[PDB]
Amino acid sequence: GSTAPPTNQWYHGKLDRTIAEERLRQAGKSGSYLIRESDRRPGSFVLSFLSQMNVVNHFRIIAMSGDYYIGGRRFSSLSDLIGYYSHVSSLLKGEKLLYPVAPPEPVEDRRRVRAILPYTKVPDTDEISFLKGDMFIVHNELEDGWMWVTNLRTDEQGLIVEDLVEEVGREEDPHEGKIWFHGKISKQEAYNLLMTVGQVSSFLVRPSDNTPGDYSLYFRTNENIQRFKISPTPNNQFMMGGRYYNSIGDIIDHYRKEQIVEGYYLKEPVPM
């Protein structure tokens, strides 16, 4: 119903100004844009726009009734607004929205399989053992029916037989199969799990509901549960507390060696 690109090519969910400008400058072209929900004033939105001379402007968008208001103008949807300033009128004098910048969506391009049965390896061979439900990255498949894989739960690498696995859909999060990752539970259930089953210094990671591409590290202190934001960069890394990491696993190792909260280290993920 609009001339805008699909929403997932420019909508970043809840995002602060600093990260939004980082993503626009990573994009690099004048006319690049994104829309975010204000982190500081939730329920209101921001059109962030890379102008000439590396300047990023930010335009507030107010959600009034079932519509969106910018500069006093009314739009039925964010898509209509983007279509308007891409193809109908200019946003700044002589400048229009040109290049949507997509949020860093996690993608797994490698083939994955899932164990339908447990398996105990033959000792002193290249086989690896696994539990029912283990997920694997397939690196290659041999014509014996065997595959060279990495088990995501254990990180062991070796041979398994295709008769004991099924295919995994491309849609599943790349962290599926990690022992600390829960890709299906709700925020409420993560809190409940850490309170009932988890112990002090237990933790888990799940995707953010409000920011596409983000993850949340849930951590249990003696008194409460704290949530920390992990944010991807456009450069295949992850950011937490302004520190940069090659993987979420690296974040977990870091906070096993350094205190995440004064007087606390990560101990064990809550069992799954």
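For every residue, the number given is its place in the sequence shown, counted from 1.
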Would you tell me which stretch averages the higher CA B-factor in the PDB entry, 241-249 or 52-60? 52-60
Between 122-130 and 89-97, which has the larger average Cα B-factor in the PDB entry? 89-97
Per the entry, which of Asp163, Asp173, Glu189, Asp155 tops the list for Cα B factor? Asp163
Choose from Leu78, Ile179, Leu142, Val149 the residue with the greatest Cα B-factor as stated in the PDB record. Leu142
For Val107, return the chain-relative third of its C-alpha B-factor as stated in the PDB record: lowest, middle or highest. highest
When the deposited Cα B-factors of this chain's modelled residues are ordered and cut into thirds, is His254 in the lowest, the middle or the highest one? middle
Could you tell me which third, lowest, middle or highest, the C-alpha B-factor of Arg114 occupies within its chain? middle
Using the B-factors in the PDB entry, rank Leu204's C-alpha atom against the chain and give the third, lowest, middle or highest. lowest
Going by what the PDB entry lists, where does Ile82 fall on CA B-factor within its chain: lowest, middle or highest third? middle
